[PDB]
Amino acid sequence: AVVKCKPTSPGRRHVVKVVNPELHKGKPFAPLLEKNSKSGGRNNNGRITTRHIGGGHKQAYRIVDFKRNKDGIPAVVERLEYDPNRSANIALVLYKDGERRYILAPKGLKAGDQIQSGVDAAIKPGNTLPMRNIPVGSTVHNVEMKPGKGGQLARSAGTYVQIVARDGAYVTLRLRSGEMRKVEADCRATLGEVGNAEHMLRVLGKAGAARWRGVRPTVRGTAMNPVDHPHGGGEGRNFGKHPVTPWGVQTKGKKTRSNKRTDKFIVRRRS
Amino acid sequence: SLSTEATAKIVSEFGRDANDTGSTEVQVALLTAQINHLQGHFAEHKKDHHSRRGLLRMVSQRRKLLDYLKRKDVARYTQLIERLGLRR
Amino acid sequence: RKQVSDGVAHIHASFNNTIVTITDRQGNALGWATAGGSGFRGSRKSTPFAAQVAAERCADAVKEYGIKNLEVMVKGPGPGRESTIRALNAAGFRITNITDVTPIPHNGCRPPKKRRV
Amino acid sequence: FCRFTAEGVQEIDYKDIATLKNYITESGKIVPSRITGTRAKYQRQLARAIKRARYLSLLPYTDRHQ
Amino acid sequence: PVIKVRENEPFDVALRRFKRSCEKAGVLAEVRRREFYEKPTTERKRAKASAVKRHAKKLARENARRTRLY
Amino acid sequence: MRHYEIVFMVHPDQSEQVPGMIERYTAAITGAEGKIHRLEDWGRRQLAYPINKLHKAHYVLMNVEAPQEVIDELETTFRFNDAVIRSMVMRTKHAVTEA
RNA sequence: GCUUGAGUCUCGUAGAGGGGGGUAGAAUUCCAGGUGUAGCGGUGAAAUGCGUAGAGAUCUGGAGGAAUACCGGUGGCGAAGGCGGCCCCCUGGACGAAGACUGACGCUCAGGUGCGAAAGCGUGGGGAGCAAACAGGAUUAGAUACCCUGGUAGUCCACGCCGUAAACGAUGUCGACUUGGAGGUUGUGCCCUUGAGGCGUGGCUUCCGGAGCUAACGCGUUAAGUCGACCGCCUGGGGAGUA
């Protein structure tokens, strides 16, 4: 449930925060955690390769299984967890042998729910099937792009994939960007959409909130000198130039896809 | 919508005998059971205004039966509000 | 110069113009003729005489094909259809059977607003 | 006159389509009660059964349609 | 609608039977209603006005047009 | 227990699968609670229009008095099954006898 | 105390009453392909527009969104706004039959609360068709209009706000009484269903008229007649439903 905050400060005045009471308050499951050191946007040469990254809260990587390789054995959802590495919440799931794992949380999910992957399982949300056993018109998430790979598509909060067609060995999906893409019918997909669709409505209020999300300030290139940016320079707010990136490549419309081998999988690109 | 099973189990738990059905405490028990069942109904759907208008009609009808029962004889009225689970 | 015996005539009659198209029965056309294709412009395009002349020009548009008989489908309202199918055998044909294939929605889409004059 | 008042059929059912074929026109449209003399509750039941039969492909929607 | 003109049948017979088919089905009235959007006000007003005209000449047929003029 | 008429059309080549299917659903009904009154198999006959690029579907009718639960999971079983092209469930008043 | 007003229960009925979820068919647009070719579209006439880069026509297929032809009705339901494919789930009311039961529990209602077309606003989607604004072509003395070709918000959905309409039978609610006729719709009883019938009795509704009323027009058992209970409102026109 989203809540707007009382304006007892300006930095409090413009805050909408969303609070989920069903989340688990306490330490996460410790065998599924590992450390996550930060980079600052710096590569192995030590130089900044991605701007506006740095700082933030320390966070630990939760090993969230994307592959869903345990088939046929059912599993009970224990509790939903906060995940600092993700837009979505996660769910601790308990397999019948006694193993515990972290999965993405679908939209309709609760404590004590039973899920299972496999070719045999069900068409309830949370069950993972290969995309020959899923009806056309369904709504999947955590879609693989290769069999056994793990799941690349539709895995942030509120995001899903519609199944449009099935041409034999291939399945034509409609991605969340409006694209049409062909995937092999051999690769797995989880049913439902990803939960936490209320993620869109938080508005962060203040500069410190973006600052502890790990986002450093963004200087406009109009505010620089011409040695720094192609937009820079001028006595008192001159632009006079076409909008470009800091390395002189045209933004505001110029396309930048040059893959040429993944084009056979595309049917209709994003509008 | 108050099946006849439930109307019989109300009327032979609040009534003078089994065929007595129009006594006021029987009617208050009937309207209480239907009000509770519709409190079931309006957890969902939130926007059934016509069903709500029927509900508010039966709420006001129970309130008028209760004010009559208090003005007439309080001895069974206080027993009715202790038993049926309401305040006023 | 491919031959085929029987075909389908489609007379799409609007209020402004009538188009006669003679196809085969698989839908593939053989040639067409309109009420504006020869002369007949404007107010004289909507008349039944224009539709009769359109049928007469589509009759010679299939002289190479040698059509023995054809079923005639009729679409749309307006001063098209009856004069067209009456001139269709007068130019020499055996009309096999007639259908009225005009589209009728089941209240599908909203029509444009009514004109004031 | 109304034959549905004569036999006293309580609910007309879609599973008999001989009478339903009698009560639609050759283009498949339902025939109005002005000419059949059908009494109006049977007219409502008859239209409801004709639409239920159209859904189950025991009757056409239109005569033409491919 | 569907007309199939079978063996031993002339031309203008078939054409008039097709016109009879079109006037039975009323396809041109149902196209002529669907060219422009008549508002539901105009629909209800047309219905009521045609009905009051219909029965208001009908009861005149029934008793007013039954008494002699000359 | 409510009375429901269940009519479905199954595929032409999946007309060979019909009887055990039927008893499976009867195992869904009479195995849970319910009672089959009529089970009248029309067989293959001609549609008025080509549903899903094909004519001539195989019609099955079932009148059954059963609670709502079993017919909920029967409708879910009817949906994702690729053999049936259309299914229609109705709540009637009583149970019926004759064709 | 009583049963006559008001209610409760048993049995049925008819219904676009409501909310949630599916699904079908017709059509418009778009996309891809096949045939084929010089017009299409539009108009009072035109032009803008589209078209030899292959349109319009025509066929096969796909994808979307919206609305549900026929039935369809001076029909129905709802307090009003309003509600129209079909199915299911949840649910409100009205009516009829014969009984039983409580026993005046009633009517109306200032402030109060709730619902309340369309347009509009907020946030998030969706977007076929239509379409304010807008553009272009005309018409014209002019044409920031009507007509044409396009076309954005909007219309659609979810959740909130707005709280207004010629929200109108321009007719507050409830109860009583007072000649008739033709109908419609939905129950129900009796007689021989002796034949697609008759004689009755209930609810709702449509038209025409009698007395009476009314300035007249008209209303007329569903009153604007004859009365009673409570409420709201009016006091010349404009200024002004404005400051």
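Residues numbered from 1 in each chain as written, not as in the entry; some residues may be left out. Chains lettered and ligands numbered in written order. Part of a larger assembly, values for the part shown. Heavy atoms only, no water.

- Header annotation of the entry names cryo-EM as the structure determination method and lists the resolution as 2.9 Å.

- Under the PDB entry, the name given to chain F is 30S ribosomal protein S6, and the organism recorded is Escherichia coli.
- According to its UniProt record, chain F has this under Sequence similarities (unreviewed entry): "Belongs to the bacterial ribosomal protein bS6 family." (UniProt positions renumbered as here; feature names shortened; annotations may be inferred.)

- The name recorded for chain A in the PDB entry is 50S ribosomal protein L2, from Escherichia coli.
- Chain A has a UniProt comment under Subunit (literature references left out) that states "Part of the 50S ribosomal subunit. Forms a bridge to the 30S subunit in the 70S ribosome, contacting the 16S rRNA. Interacts weakly with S6 in one of the 3.5 A resolved structures. In pull-down experiments interacts with CedA."
- Under Sequence similarities, UniProt gives the following word-for-word description of chain A: "Belongs to the universal ribosomal protein uL2 family."

1. Describing the sheet that holds strand β3 (residues 57-66) of chain F
Residues and elements named next belong to chain F.
So, step 1. What the four strands build is an open sheet, ordered β2-β3-β1-β4; its pairing is antiparallel. Strands with a single pairing partner mark the edges of an open sheet, and in this sheet they are β2 (35-45) and β4 (84-91). The sheet shows a mean angle of 10° between the axes of neighbouring strands, direction not considered.
So, step 2. Alignment of strand β1 (residues 2-10) against β3, held across nine bridges, turns out to be antiparallel. Opposite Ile6, over in β3, you have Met62 as the bridge partner.
So, step 3. Across the face of the sheet, helix α1 (residues 18-29) comes into contact with β1, β2 and β3 while running at roughly 160° to β2. (Pairing = 2+ DSSP bridges. Helix = DSSP H or I, 4+ residues; strand = E, 2+ residues; numbered from the N terminus. Axes fitted to C-alpha atoms, helices over the stretch in contact; angles between N-to-C directions. Contact = heavy atoms within 4.5 Å.)

2. Quick look at the protein's contact with RNA strand G
So, step 1. With respect to spatial proximity, 101 residues lie near RNA strand G, and among them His37 of chain B, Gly27, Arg41 and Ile104 of chain C together with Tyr4 of chain F are the closest.
So, step 2. Each atom of RNA strand G within 4 Å of the protein was assigned to sugar, phosphate or base; sugar and phosphate come to 75%.
So, step 3. One of the side-chain nitrogen or oxygen atoms of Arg174 of chain A is found 3.4 Å away from a sugar or linking oxygen of RNA strand G.
So, step 4. The separation between a phosphate oxygen of RNA strand G and a polar side-chain atom of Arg48 of chain D is 3.2 Å. (Near = heavy atom within 4 Å. Polar contact = N/O pair within 3.5 Å; in protein donor to acceptor, adjacent residues only side chain to side chain.)

3. Observations concerning a nonpolar patch on the surface
All names here are of chain A.
So, step 1. Among the surface-exposed residues, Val2, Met200 and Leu201 lie close enough to one another that they form a single nonpolar patch of about 320 Å² accessible area.
So, step 2. If you trace the backbone, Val2 turns up in strand β1 (residues 2-4).
So, step 3. Using a relative accessible area of 39% as the deciding quantity, one classes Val2 as partly exposed. (Patch = residues over 30% accessible without salt bridge, like charges linked within 9 Å, V, L, I, M, F, W, Y side chains within 5 Å. Areas by Shrake-Rupley, 256 points an atom, 1.4 Å probe, with all protein chains shown as cover. Salt bridge = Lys/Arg side-chain N within 4 Å of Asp/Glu carboxyl O. Buried < 20%, exposed > 50% of the residue type's maximum accessible area, 1.4 Å probe, protein only.)

4. Remarks on the sheet that holds strand β9 (residues 128-130) of chain A
To summarise the sheet geometry, strands pair through backbone hydrogen bonds and adopt either a parallel or an antiparallel arrangement.
Residues and elements named next belong to chain A.
So, step 1. Within the open sheet, the six strands sit side by side as β9-β14-β10-β11-β12-β13. Their pairing is antiparallel. Only two strands of the sheet have a single partner each, and these edge strands are β9 and β13 (180-184). Strand-to-strand, the axes of this sheet are offset by a mean angle of 50°, without reference to chain direction.
So, step 2. Where strand β11 (residues 161-167) and strand β12 (residues 170-174) come together, five bridges link them in antiparallel fashion. For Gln162, the partnering residue across the bridge sits in β12 and is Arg174.

5. Remarks on the domain arrangement of chain A
Residue and element names in this part refer to chain A.
So, step 1. Split by domain assignment, chain A resolves into domain 1 (1-113), domain 2 (117-194) and domain 3 (195-271).
So, step 2. Each of domain 1 and domain 3 was reduced to a C-alpha centroid, and the two centroids are 26 Å apart.
So, step 3. Between domain 1 and domain 3, the residue contacts involve 20 residues of the former and 18 residues of the latter.
So, step 4. Across the domain 1 to domain 3 interface the summed buried area is about 1500 Å²; carbon plus sulfur atoms make up 54%.
So, step 5. It is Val18, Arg51 and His52 that lose the most area in domain 1 upon contact with domain 3, and together they represent 33% of the buried surface on that side.
So, step 6. Taken together, the links from domain 1 to domain 3 amount to zero salt bridges.
So, step 7. At the junction of domain 1 with domain 3, the criterion picks out six residue pairs in polar contact.
So, step 8. Residues of the side of domain 1 that touches domain 3, tallied by class, amount to eight nonpolar, 10 polar and two charged. (Domains from an automatic or database assignment. Buried area = accessible area lost by both parts, 1.4 Å probe. Nonpolar A, V, L, I, M, F, W, Y, C, P; charged D, E, K, R; others polar.)

6. Section: the arrangement of the chains
So, step 1. The pair of protein chains exhibiting the most contacts, out of five pairs of chains in contact, is chains C and E.
So, step 2. A gap remains between chain A and chain C, which never touch, and the nearest two C-alpha atoms on either side lie 23 Å apart.
So, step 3. At their nearest point, the C-alpha atoms of chain B and chain C are still 28 Å apart, with no contact between the two.

7. Focus on the nonpolar core
So, step 1. One finds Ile22, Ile67, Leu70, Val72 and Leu88 of chain C to be the most contacted residues of the largest nonpolar core, which totals 29 residues.
So, step 2. Those elements that place two or more of their residues in this core are β1 (6-13), β2 (18-24), β3 (29-34), α1 (48-61), β4 (69-75), α2 (81-90) and β5 (94-100) of chain C together with α1 (11-25) of chain E.
So, step 3. Element by element, the count of residues in this core is highest for α1 of chain E, at six residues.
So, step 4. Among all residues touching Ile22 of chain C, those that are not within four sequence positions of it are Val8, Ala9, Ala29, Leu30, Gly31, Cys58, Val62, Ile67 and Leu70 of chain C. (Core = buried A, V, L, I, M, F, W, Y, C linked by side-chain atoms within 4.5 Å.)

8. Brief notes about a positive patch on the surface
So, step 1. There is a patch of like positive charges on the surface, built from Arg34 of chain D together with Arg54, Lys57, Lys58, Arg61 and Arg65 of chain E.
So, step 2. Here the positive patch takes four residues from helix α3 (residues 40-64) of chain E, the largest share from any one element.
So, step 3. Here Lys58 of chain E is to be found in helix α3. (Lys, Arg positive; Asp, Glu negative; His and termini not counted. Charge placed at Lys NZ, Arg CZ, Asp CG, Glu CD.)

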